[PDB]
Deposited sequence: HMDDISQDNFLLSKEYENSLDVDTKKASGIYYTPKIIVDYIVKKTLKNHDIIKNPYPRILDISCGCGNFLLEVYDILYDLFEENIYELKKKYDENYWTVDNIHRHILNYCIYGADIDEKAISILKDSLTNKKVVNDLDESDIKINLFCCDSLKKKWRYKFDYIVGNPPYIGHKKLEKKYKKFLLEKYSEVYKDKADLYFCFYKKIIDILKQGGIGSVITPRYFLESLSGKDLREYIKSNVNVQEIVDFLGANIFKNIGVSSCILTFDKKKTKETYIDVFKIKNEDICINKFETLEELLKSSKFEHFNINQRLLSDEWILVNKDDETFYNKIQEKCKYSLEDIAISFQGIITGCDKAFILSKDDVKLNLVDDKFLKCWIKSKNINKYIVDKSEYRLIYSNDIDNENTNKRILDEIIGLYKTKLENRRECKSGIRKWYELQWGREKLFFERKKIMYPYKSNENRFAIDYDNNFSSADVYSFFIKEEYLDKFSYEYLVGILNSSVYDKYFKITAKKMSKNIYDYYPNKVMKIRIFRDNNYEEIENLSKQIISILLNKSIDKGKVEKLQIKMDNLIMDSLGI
């Protein structure tokens, strides 16, 4: 449970918080890491501090106690008054204490401000000038329930339904930062856009001045770790300035060690830089450049409806154990199941633009099985193979669901109708019209048009514009970037997409119908579809004035 931050990032963070420190004015800075681990950040802080003190040793000796300020006394001073670390791992603290002791190589048995504790529970007796480090990331599934009760009761300003632990670490760091202090940390990027991060974003916006956001997007910073990172730097300084420097990466395939320093990478063509006014932040943080801001605002102003206005959205089936209820359509065991119980089953990869692949799987809609005696063959020879796993589901332990029932079988009538489907995680917009009453898991989302908006919007028109290049860019501006070439397509953002209706409605609809007709051929002339899409994109750009 210990993660090594790359040295280039560690150096950038420490330098970010200490480059302009006035050691003459304040020779007693407090630099804290509340998840210090083996001291990836703190040892570097020691190096920076030692150079800072030794470069001004004679100035300090003249302004202050001349006997206290010598080179020989630097190592002691740093440990007594400057470096502070906290971590839950005892072995890590022991190792870091030995490393800090070996920075000099007893005289008086120097005390080192290292605490082996839960930083979210520690009674912190004073605030700190500088806070750096890499907090732990633990999500809603992997966090202990008993501990989650404490977080919900005590960190309710940032920790709620599906929040993450590092939300609480952000709140703690902000709370124990001195007036005029500086904090710089590396966390997941997901709180910048996620629905769970709304309270955290409000807290950060309204309690600190955000200096800088480095967004690495899908680039893999931590080797062999599936997480997407960002660096946040904030302060509590009295300033009328309220502008943020945003560095957003341009090529996610870059390796982090191209130059000797991260700042060389940030100044290069690998990153784009722009400024965001913190006072103009809403509940969402729309961090885009002026071209994209103009693009987004044009679209928002022009469109008079949203998908939420005109549609009904729902998440797919959650069986609770897929292997028990999902079978290949050529499985011999499917001869045991009456066709009234069987539904077509698709995965996210089966969703293309405008149409769905033919399904290869069948769902046993076991909610329609009455009792265990009439269909004993289905239960004993198909579903019962996983009975233990099925009995451990939450709604079975509580007794709400029978052991063979789907955990969340939703409502059949919602699926057995003409509707639009899209994958929950994709590199591009893929909205299809489903004609075959397809069921799917939560990896696919569905919506259908309300009855009162059918005369205004058709499924063909909607899949026309939603699959356009304009709308790919428009959705990705505010979407949640998960990993390299993966965006979240969830209703909490998909339903916010704004749509329009003007003189180009009929031609866009006709082009969409032609695309759908071609895609459903035996001899698919795939080429002409691209030409038709280009023409449709021209129509949409004409419609939205871009």
| query | finding |
| --- | --- |
| Regions left out of the model, expressed as runs of the deposited sequence counted from 1 | 1-28, 134-137 |
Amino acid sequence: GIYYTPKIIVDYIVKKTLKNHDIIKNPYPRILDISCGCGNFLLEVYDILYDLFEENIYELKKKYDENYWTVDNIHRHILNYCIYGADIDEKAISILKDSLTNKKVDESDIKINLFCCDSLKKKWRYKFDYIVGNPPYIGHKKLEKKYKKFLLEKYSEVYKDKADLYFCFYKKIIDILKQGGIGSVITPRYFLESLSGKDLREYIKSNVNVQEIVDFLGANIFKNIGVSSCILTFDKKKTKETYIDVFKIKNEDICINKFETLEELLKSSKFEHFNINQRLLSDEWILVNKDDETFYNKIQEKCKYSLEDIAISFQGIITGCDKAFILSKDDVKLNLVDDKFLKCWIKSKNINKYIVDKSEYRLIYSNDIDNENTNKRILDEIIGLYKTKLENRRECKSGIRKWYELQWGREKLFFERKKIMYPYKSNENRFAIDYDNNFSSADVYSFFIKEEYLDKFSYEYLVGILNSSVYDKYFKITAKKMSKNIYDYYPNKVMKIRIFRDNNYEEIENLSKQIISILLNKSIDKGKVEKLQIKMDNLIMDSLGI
From here on, numbers count along this sequence of modelled residues.
property: Check: residue 357 without coordinates in a third or more of other entries; result: no
property: Residue 106: gap in at least one third of other compared structures; result: yes
property: Greater mean Cα temperature factor according to the PDB record, 327-335 or 168-176; result: 327-335
property: Stretch with the greater mean C-alpha B-factor as recorded in the entry, comparing 399-407 against 106-114; result: 106-114
property: Among 76, 347, 298, 473 - the residue whose C-alpha B-factor is largest in the record; result: 76
property: Residue with maximal Cα B-factor (values as given in the PDB entry) among 240, 353, 425, 417; result: 240
property: B-factor third for the C-alpha atom of residue 500 within its chain; result: lowest
property: Chain-relative CA temperature factor third for residue 530; result: lowest
property: Residue 29 - Cα temperature factor, lowest/middle/highest third of chain; result: highest
property: For residue 479, the third of its chain into which the C-alpha B factor falls; result: lowest
property: CA B-factor placement of residue 140, once the chain's modelled residues are sorted into thirds; result: lowest
